[PDB]
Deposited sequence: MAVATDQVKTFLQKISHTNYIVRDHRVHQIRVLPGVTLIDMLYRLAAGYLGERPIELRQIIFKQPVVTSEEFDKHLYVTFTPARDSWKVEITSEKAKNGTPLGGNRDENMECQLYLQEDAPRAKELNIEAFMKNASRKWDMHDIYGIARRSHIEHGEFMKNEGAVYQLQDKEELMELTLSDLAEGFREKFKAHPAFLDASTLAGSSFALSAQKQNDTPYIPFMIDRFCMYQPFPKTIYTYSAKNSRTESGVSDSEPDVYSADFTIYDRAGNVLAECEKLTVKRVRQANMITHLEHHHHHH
C-alpha cells in the first residue's frame, strides 16, 4: 500500500460514449468513473468494501473517430485513506500518443465500515400514494433540449413519482443491451448517470461537479429506485431563478426497500451552451 497507477481504456466504440453524446460529440459521464474506481479498488486493496468522498469531476473524457482514450488511475496513500486521481490521454490502435494529460477526476477513498444512514422506504406505498408522475422519457427531455442525447445503453426506462412536491422516486430499468452488462459492472454507469437526474421533478444544462460522499452497499438489481428529498436540496443564494450551482443527496433503493447506495451532496453546475460548445469541440479536435 502506497502508490499504484492502473490503466483503463475508453475507446470510441465503448457503448457508454456511443450512447451519450453532447452536441453530437461522444463524451464520458463523470459519474461513470465511480464504477471504475470500485472495479479497480477491488484489486488494489483486497475486496474490502470502500466508499468515496470529496469527489471532483474535472475534464470530460471525449472520444473521436480519430482517437480513443487511455485513462490512468493512480492510488496514492494518505491519511487513513487513499487519494485517487484519474487522468487521460489520446491513444490510437492500442497505443497512447504521448501528448498532454487531462485531469478527469479526484477523490478520497476510505474503507467502508459504517452502516447505511438512510432508512428504508416503502416503494409500493410511495408509488401508490403518489401525487405526480412523469414518464421516463420526459425527464430526459431536459437533457435533449440541452443537446445531450442518450442512446440505447445509457437511456433508462421508467417513471418519476413525486409526493407533495417534497419527495421524488425514480423507477429505473436498463435497456436489454445495457442489462447484459449489469453484472459486469460494480455500479452500472447507466444507472449512475440517470440517478444524477434526481430532483428534476422538483422544479418541472447542469453538469455534475462535486460529490461529498458516495457509497455502494450492495450491487444493483435489474430495477432501482432513486429516492431524493427536497429538504436535502440547497442552492446558490437560496432563491435563484437560475442558480449557478445547486446540490442534493439521493439514495438508491432496491425494491424491497434496502439501501443500495448513498450519495451525499451531489453538486451540479449549469453551463453556458456556448462555453460547452467551445469546450467539447476543443476536446474533439485533433
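Residues of the deposited sequence lacking C-alpha coordinates, numbered from 1, fall in the stretches 1-5, 210-217, 300.
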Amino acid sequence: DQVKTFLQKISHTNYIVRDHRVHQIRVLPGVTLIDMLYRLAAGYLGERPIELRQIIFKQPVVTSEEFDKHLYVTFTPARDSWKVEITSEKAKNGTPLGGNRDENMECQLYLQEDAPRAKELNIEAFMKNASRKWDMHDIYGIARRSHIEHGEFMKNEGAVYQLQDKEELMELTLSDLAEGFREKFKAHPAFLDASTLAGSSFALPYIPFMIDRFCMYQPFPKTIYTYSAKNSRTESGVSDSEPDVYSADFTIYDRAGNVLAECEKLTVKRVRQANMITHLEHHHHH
From here on, numbers count along this sequence of modelled residues.
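Higher mean CA temperature factor between 43-51 and 250-258: 43-51, per the PDB entry. Of the two segments examined, 113-121 and 81-89, it is 113-121 that shows the higher average Cα temperature factor in the deposited entry.
Annotation for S239, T223, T32, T226: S239 ranks highest, by Cα B-factor. The deposited CA B-factor of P219 belongs to the middle third of values across its chain. Ranked against the other modelled residues of its chain, the C-alpha B-factor of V3 as given in the entry falls in the highest third. Per the PDB record, residue ranking by Cα B-factor puts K166 in the highest third of the chain. Sorting the modelled residues of the chain by their CA temperature factor places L71 in the lowest third. In this PDB entry, the Cα temperature factor of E106 sits in the top third of its chain's modelled residues, the highest group.
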